[PDB]
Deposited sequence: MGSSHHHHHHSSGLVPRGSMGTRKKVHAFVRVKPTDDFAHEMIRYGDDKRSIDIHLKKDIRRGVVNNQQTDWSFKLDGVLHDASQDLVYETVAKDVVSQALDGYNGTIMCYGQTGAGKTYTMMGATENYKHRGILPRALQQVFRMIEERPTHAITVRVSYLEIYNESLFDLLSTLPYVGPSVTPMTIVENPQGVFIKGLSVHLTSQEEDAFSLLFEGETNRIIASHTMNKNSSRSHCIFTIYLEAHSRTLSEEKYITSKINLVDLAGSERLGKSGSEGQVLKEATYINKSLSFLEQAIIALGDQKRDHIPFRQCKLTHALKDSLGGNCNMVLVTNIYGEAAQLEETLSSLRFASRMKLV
């Protein structure tokens, strides 16, 4: 099966025990909101919701998230199948921790570095194959495209103009620099550089990072001549404040039941949505009562993926 939707709950000392309930199947989650105090509201409002997804992860290690959501998609990529892993959820819920993780201790590193590590590990198990790895790192902010690995990465589209294009092989970004990474250390160094660059560019350009989408792309070529891309995506916060998410959610509604070019995000991800791609959605949610309404919104989104 090509599309998966998971939920990762953020750990908390103050878990909403009464309001958040995990199914025995480890795939279900039920939300029980507190009844409204207003007499007109309390007897007209739905307070209970049930959701069945591909997996629900709470108090899950980084190692376990990777094994569960990511490992297979990265495996299929060396065989020529495009894979996208996307983190979605409100600001603070755990998207960047899930995708990047701790930048200063191995055990707590996230999906993206483990993906790079797995690619190069896998290349060792295929000694008769000439496997070549390339990377790019793109930020989308307010309908503008930024190259996190460009030669002057703290200045905008005026200097480094980029345009999403399409060909028989998929969707690429004209102007977005593509870097050959011979070994995992080359790929790790570039991930570090682009992350440093992202931070500098947010300060330099007065961007709110909660509103940006970041897409790290691994381009694979192995020769049987095969090519693929793995897209590792940290989305803008879903609390819609960030318009482009609405086109992404609209797209996913359409696929379940599309103007891809209407939005940079949906255009960049066209090949990840319509058909020829292993899509994994990781839905980051708070475990606390005060965020339950945004949590339900995220879970309703997560729940659209089974119909795609």
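Visitor: Enumerate the deposited-sequence segments absent from the coordinates, judged by C-alpha atoms, in order of position.
Guide: Comparing the full sequence with the modelled residues, the uncovered ranges come out as 1 to 23, 247 to 253, 270 to 285, 304 to 308.
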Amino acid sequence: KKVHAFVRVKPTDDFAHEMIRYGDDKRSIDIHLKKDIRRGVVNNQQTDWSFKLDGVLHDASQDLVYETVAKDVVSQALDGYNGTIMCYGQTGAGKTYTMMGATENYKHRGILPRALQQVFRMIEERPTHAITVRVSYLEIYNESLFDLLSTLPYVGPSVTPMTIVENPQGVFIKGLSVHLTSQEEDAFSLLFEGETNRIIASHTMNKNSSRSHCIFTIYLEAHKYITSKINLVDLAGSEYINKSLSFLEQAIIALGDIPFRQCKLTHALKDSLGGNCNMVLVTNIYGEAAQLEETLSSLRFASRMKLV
From here on, numbers count along this sequence of modelled residues.
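Visitor: Which has the higher mean CA temperature factor in the PDB entry, 107 to 115 or 213 to 221?
Guide: Per the PDB entry, the higher value belongs to 107 to 115.
Visitor: Please work out which of 65 to 73 and 268 to 276 has the higher mean CA B-factor as recorded in the PDB entry.
Guide: That would be 268 to 276.
Visitor: Split into thirds by Cα B-factor across the chain's modelled residues, where does residue 157 land: lowest, middle or highest?
Guide: According to the entry, residue 157 has a C-alpha B-factor in the chain's highest third.
Visitor: Going by the CA temperature factor in the PDB record, which third of the chain does residue 247 belong to: lowest, middle or highest?
Guide: Its C-alpha B-factor, which the entry lists for residue 247, ranks in the lowest third among residues of this chain.
Visitor: Sorting the chain's CA B-factors, does residue 227 end up in the lowest, middle or highest third?
Guide: As the PDB entry reports it, the C-alpha B-factor of residue 227 lands in the middle third of its chain.
Visitor: Check where residue 202 lands among this chain's C-alpha B-factors and tell me if it's the lowest, middle or highest third.
Guide: Middle third by C-alpha B-factor.
Visitor: Ranking the modelled residues of this chain by C-alpha B-factor as given in the entry, is residue 208 in the lowest, middle or highest third?
Guide: For residue 208, the deposited C-alpha B-factor lands in the highest third.
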